[PDB]
Amino acid sequence: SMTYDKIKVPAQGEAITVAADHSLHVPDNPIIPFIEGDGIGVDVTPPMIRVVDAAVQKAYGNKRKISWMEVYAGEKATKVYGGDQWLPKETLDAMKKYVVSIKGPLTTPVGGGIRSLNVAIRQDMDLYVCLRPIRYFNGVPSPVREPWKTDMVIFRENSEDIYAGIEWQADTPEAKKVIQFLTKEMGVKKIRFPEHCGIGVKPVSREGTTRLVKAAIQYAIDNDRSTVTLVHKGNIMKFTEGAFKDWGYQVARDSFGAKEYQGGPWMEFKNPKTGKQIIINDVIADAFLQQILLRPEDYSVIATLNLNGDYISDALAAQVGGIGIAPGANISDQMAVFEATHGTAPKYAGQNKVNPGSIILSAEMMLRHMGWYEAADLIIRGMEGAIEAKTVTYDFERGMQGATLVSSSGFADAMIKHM
Ligand SMILES: NC(=O)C1=CN([C@@H]2O[C@H](COP(=O)(O)OP(=O)(O)OC[C@H]3O[C@@H](n4cnc5c(N)ncnc54)[C@H](OP(=O)(O)O)[C@@H]3O)[C@@H](O)[C@H]2O)C=C[C@H]1[C@H](CC(=O)O)C(=O)C(=O)O
Ligand SMILES: [Cl-]
Numbered sequence: 040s041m042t043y044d045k046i047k048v049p050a051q052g053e054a055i056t057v058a059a060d061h062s063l064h065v066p067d068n069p070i071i072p073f074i075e076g077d078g079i080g081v082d083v084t085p086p087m088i089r090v091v092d093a094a095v096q097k098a099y100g101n102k103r104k105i106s107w108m109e110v111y112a113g114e115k116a117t118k119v120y121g122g123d124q125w126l127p128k129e130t131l132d133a134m135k136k137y138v139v140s141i142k143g144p145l146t147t148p149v150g151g152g153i154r155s156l157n158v159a160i161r162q163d164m165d166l167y168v169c170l171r172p173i174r175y176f177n178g179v180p181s182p183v184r185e186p187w188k189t190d191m192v193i194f195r196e197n198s199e200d201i202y203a204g205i206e207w208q209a210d211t212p213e214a215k216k217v218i219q220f221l222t223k224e225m226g227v228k229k230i231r232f233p234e235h236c237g238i239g240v241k242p243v244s245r246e247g248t249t250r251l252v253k254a255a256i257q258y259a260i261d262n263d264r265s266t267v268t269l270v271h272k273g274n275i276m277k278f279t280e281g282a283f284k285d286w287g288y289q290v291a292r293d294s295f296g297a298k299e300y301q302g303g304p305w306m307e308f309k310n311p312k313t314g315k316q317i318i319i320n321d322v323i324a325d326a327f328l329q330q331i332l333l334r335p336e337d338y339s340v341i342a343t344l345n346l347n348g349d350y351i352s353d354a355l356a357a358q359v360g361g362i363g364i365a366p367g368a369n370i371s372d373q374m375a376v377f378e379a380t381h382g383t384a385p386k387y388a389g390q391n392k393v394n395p396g397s398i399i400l401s402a403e404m405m406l407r408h409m410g411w412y413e414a415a416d417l418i419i420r421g422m423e424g425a426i427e428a429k430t431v432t433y434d435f436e437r438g439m440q441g442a443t444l445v446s447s448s449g450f451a452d453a454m455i456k457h458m
């Protein structure tokens, strides 16, 4: 019964719930919380909502309708709730209760200031999978000669690694205390400059690695993908990134019956639904950034740590058009917050300039998560039709031949027209 301080539950609409069998029960009138986003969030979130509403109306008529429910984070939260209220508890309360949500990007200051609200949401909700499909749409400009060979899905660990935010600033009493502990109690001799020295900590665990790699292997099973590649810098970081690799291979053996492939260290098992062989292998992270460019055909599902996945997501997105057409999801079983790969691009904020494609395709992922496949298919149809008409935002316009420039809202208009 309890109302919120600033959130308003829609007058019509019903909550998604988790069914007894752990699937989602999605009402025909579902409530979906959304965060507008800082910066270019104002440019891309409102067109996304229109595009979703248009796909839902065309696929289902009067029968289904999303009840969008705004919830607040970032600058808009400090506007609505007051100074320093960057992430109100009721924002998180509502996103958990209503199960499925979507957010624009949020700003994280460099070198000081608040810790990332995007990480804060992921960790509070324990959305330990960051899932980022890398897909080439025909006609999108690419820096690469054969962008269609790039077809990958990134499983980025989303709850630990150096993203844990554990660090102390140079010359503070706390950093001096940590350095004294390291040098005097742990016998650390390898800090080259212990004065005026910032210190960060990187935790990587068996349980955290296990649940991320298990999800990635299951995805490969459920989507008929042939390879899962563990990406790590385990020669230099032996006990974090190297342990990630070892624990990941153990998941294949322990939970999917994998055995050594051709002497190891790669592993193999047979897809339990199709009988086709899935290979689990591993690549050192720096070498991997070359391999995705020179041999993208050899990779399918990627499983990697928090930091590595962040870097790799942008490197791969660049091959298929950039982070203007790069969607994502933060997932824990059925709970999910859909989210573009890109940030707040503050130099463009409010200009109606940037590509809403990333957040729109994140909504496409949201619709499939809800089982609303017909509406999701119309989003893809509209996207393909708008690209084929070459009515595109500035990031595509500059690479295409004979294209017509449209605004962020103008690109949403073009998608709806082609549904
Ligand atoms: N909320 C989030 O989840 C994120 C927000 N952050 C914040 O954003 C600010 C600015 O960061 P920034 O480095 O400027 O990156 P961003 O992506 O915003 O823009 C770079 C260039 O990408 C091109 N570009 C981007 N968008 C579009 C588009 N729509 N259309 C066309 N081109 C686009 C454009 O390229 P151009 O055309 O100009 O050459 C642009 O300039 C910082 O506060 C970060 O913290 C960034 C990433 C994630 C988080 C990090 C976190 O938690 O803070 C993360 O790590 C992850 O999980 O992935
Ligand atoms: Cl407002």
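For the sequence shown, the numbering used here gives the first residue as 40, with consecutive numbering after it.
Here a beta-carbon is modelled for each residue, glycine too, at the ideal position from N, C-alpha and C.
Problem set entry | Selection from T443, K253, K429 and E109 that minimises the alpha carbon distance to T343 | Counted from its first residue, the sequence shown places residue 343 at position 304. Across the set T443, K253, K429 and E109, the C-alpha of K253 shows the shortest separation from the C-alpha of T343.
Exercise. When you compare only the Cα positions, how much space is there between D60 and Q373?
Worked result: Counting from one through the sequence shown, the residue named residue 60 turns up at place 21. Counting from one through the sequence shown, the residue named residue 373 turns up at place 334. Rounded to whole angstroms, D60 to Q373 spans 11 Å at the Cα level.
For this session: Just list the beta strand (DSSP E) runs in the stretch 94-136, keeping only unbroken ones of 3 residues or longer that don't cross its boundaries, in chain order.
Result: The stretch 94-136 contains, as complete beta strand (DSSP E) runs of 3+ residues, the segments 106-109 (chain order).
Problem set entry | Beta-ladder partner(s) of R195, from DSSP | For this step, residue 195 is matched to residue 156 along the sequence shown. Paired residues: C169 and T343.
Exercise. Going by C-alpha distance, which of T380, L332, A375 and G367 is nearest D353?
Worked result: Here residue 353 refers to the residue found at position 314 of the sequence shown. Of the listed residues, the one whose Cα sits closest to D353 is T380.
For this session: Assign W411 to one of three DSSP states: helix, strand, or coil.
Result: Along the sequence shown, one-based indexing puts residue 411 at 372. Coil.
Problem set entry | DSSP state of residue 472 mapped onto helix, strand, coil | Within the shown structure, residues of the chain are numbered from 40 to 458, placing residue 472 beyond reach of any answer.
Exercise. Are the beta-carbon atoms of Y167 and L251 separated by less than 8 Å?
Worked result: Against the sequence shown, residue 167 aligns to sequence position 128. Against the sequence shown, residue 251 aligns to sequence position 212. Closer than 8 Å, so yes.
Exercise. Which one or two residues does DSSP pair with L269 in a beta bridge?
Worked result: On the sequence shown, residue 269 is found 230 positions in, with the first residue counted as 1. Listed as beta-bridge partners of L269 by DSSP are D321 and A342.
For this session: Kindly examine ligand 1 and report whether one of its heavy atoms sits closer than 7 Å to the Cβ of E403.
Result: For this step, residue 403 is matched to residue 364 along the sequence shown. No; taking the cut-off as 7 Å, the Cβ of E403 has no heavy atom of ligand 1 nearer than that.
Exercise. Between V48 and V376, what straight-line distance do the alpha-carbon atoms span, to the nearest angstrom?
Worked result: Locating residue 48 in the sequence shown gives position 9, where the first residue counts as 1. Locating residue 376 in the sequence shown gives position 337, where the first residue counts as 1. Answer to the nearest angstrom: the Cα atoms are 18 Å apart.
Exercise. Does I370 come within less than 8 Å of chain D when only Cβ atoms are used?
Worked result: Of the chains in the structure shown, none is chain D; there is only one protein chain.
Exercise. Expressed to the nearest angstrom, what Euclidean distance is found between the alpha-carbon atoms of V91 and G410?
Worked result: Numbered from its first residue, the sequence shown carries residue 91 at position 52. Numbered from its first residue, the sequence shown carries residue 410 at position 371. Near 14 Å, if we compare the C-alpha coordinates of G410 and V91.
For this session: Tell whether a beta-carbon distance below 8 Å holds between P311 and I260.
Result: Numbered from its first residue, the sequence shown carries residue 311 at position 272. Numbered from its first residue, the sequence shown carries residue 260 at position 221. Yes, the Cβ-Cβ distance between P311 and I260 is below 8 Å.
For this session: In the DSSP assignment, find the beta strand (DSSP E) that holds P72 and state where it starts and stops.
Result: Along the sequence shown, read from residue 1 onward, the residue named residue 72 stands at position 33. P72 -> beta strand (DSSP E) spans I70 to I74.
Problem set entry | Among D163, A425 and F435, the one whose alpha carbon lies nearest that of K135 | As a working mapping, residue 135 is identified with position 96 in the sequence shown. Ranking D163, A425 and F435 by Cα distance to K135 puts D163 first.
For this session: Quick one: residues in its chain with C-beta nearer than 8 Å to the C-beta of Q257, no 5 flanking neighbours on either side, listed in chain order?
Result: Residue mapping note: residue 257 aligns to position 218 of the sequence shown, counting from 1. Beyond the five residues adjoining it in sequence on each side, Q257 comes within less than 8 Å, by CB distance, of no other residue in the same chain.
Problem set entry | Chain-ordered list of residues that sit, by beta carbon, closer than 7 Å to a heavy atom of ligand 2 | Those residues that have a beta carbon less than 7 Å away from any non-hydrogen atom of ligand 2 are, in order along the chain, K115, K118 and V119.
Exercise. With respect to the beta strand (DSSP E) encompassing residue 33, which residues constitute its N-terminal and C-terminal limits?
Worked result: Not covered by the structure: residue 33. The range shown for the chain is 40 to 458.
Exercise. Considering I370, what are the terminal residues of the beta strand (DSSP E) in which it resides?
Worked result: Taking the first residue of the sequence shown as position 1, residue 370 is located at position 331. First-last of the beta strand (DSSP E) with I370: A368 to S371.
Exercise. With respect to the alpha helix (DSSP H) encompassing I256, which residues constitute its N-terminal and C-terminal limits?
Worked result: Taking the first residue of the sequence shown as position 1, residue 256 is located at position 217. Counting along the chain, the alpha helix (DSSP H) containing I256 begins and ends at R245 to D261.
For this session: Express the C-alpha separation of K97 and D67 in angstroms, rounding to a whole number.
Result: Residue 67 sits at position 28 when you count from the first residue of the sequence shown. Residue 97 sits at position 58 when you count from the first residue of the sequence shown. Approximately 14 Å, taken between the alpha carbons.
Problem set entry | N- and C-terminal bounds of the beta strand (DSSP E) containing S140 | Along the sequence shown, one-based indexing puts residue 140 at 101. Unbroken beta strand (DSSP E) run through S140: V139 to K142.
For this session: Determine the direct distance from the alpha carbon of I455 to that of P242, and round the result to whole angstroms.
Result: Mapped onto the sequence shown, residue 242 falls at position 203. Mapped onto the sequence shown, residue 455 falls at position 416. So the two alpha carbons sit approximately 45 Å from each other.
Exercise. Three-state secondary structure (DSSP) at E234?
Worked result: Reading the sequence shown from its first residue, position 195 is the one you call residue 234. Here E234 carries a coil assignment [DSSP, helix/strand/coil].
For this session: Less than 8 Å between the CB atoms is what I'm expecting for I141 and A415, so what's the real figure, rounded?
Result: The residue labelled residue 141 in the question sits at position 102 within the sequence shown. The residue labelled residue 415 in the question sits at position 376 within the sequence shown. Wrong, their Cβ atoms sit about 13 Å apart, outside the cutoff.
For this session: For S198, verify whether its CB is less than 7 Å away from any heavy atom of ligand 1.
Result: In the sequence shown, residue 198 corresponds to position 159, counting from 1. Checking the Cβ of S198 against ligand 1 gives no.
Exercise. For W107 versus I88, is the C-beta spacing smaller than 8 Å?
Worked result: For the purposes of this step, residue 107 is identified with residue 68 of the sequence shown, where counting begins at 1. For the purposes of this step, residue 88 is identified with residue 49 of the sequence shown, where counting begins at 1. Between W107 and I88, the CB-CB gap stays under 8 Å.
For this session: Ignore the nearest five residues each way along the sequence and tell me which others in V119's own chain have a CB closer than 8 Å to its CB.
Result: One-based indexing of the sequence shown puts residue 119 at position 80. The beta carbon of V119 is closer than 8 Å to those of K45 and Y111 in its chain, skipping five residues each way along the sequence.
Exercise. From what residue to what residue does the alpha helix (DSSP H) around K215 run?
Worked result: Locating residue 215 in the sequence shown gives position 176, counting from the first residue. Element bounds for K215: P212 to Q219.
Exercise. Just to check, is the beta-carbon of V393 closer than 7 Å to a non-hydrogen atom of ligand 1?
Worked result: As a first step, residue 393 is located in the sequence shown; it is residue number 354 there, counting from the start. Because some heavy atom of ligand 1 lies under 7 Å away, the Cβ of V393 counts as near it: yes.
For this session: Within its chain, find whatever has a CB closer than 8 Å to the CB of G237; leave out the 5 residues flanking it on each side and keep chain order.
Result: Counting from 1 along the sequence shown, the entry for residue 237 is found at position 198. The beta carbon of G237 is closer than 8 Å to those of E206, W207, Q208, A209 and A214 in its chain, skipping five residues each way along the sequence.
For this session: With DSSP as the reference, label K309 as helix, strand or coil.
Result: Counting from one through the sequence shown, the residue named residue 309 turns up at place 270. Three-state result, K309: strand.
Exercise. Under 7 Å from any heavy atom of ligand 4, does the C-beta of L400 make it?
Worked result: Absent from the structure shown: ligand 4. Ligands present: ligand 1 and ligand 2.
For this session: May I ask you to check if the CB of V138 is nearer than 7 Å to at least one heavy atom of ligand 1?
Result: Working through the sequence shown from its first residue, we reach residue 138 at position 99. Answer for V138: no, Cβ out of range of ligand 1.
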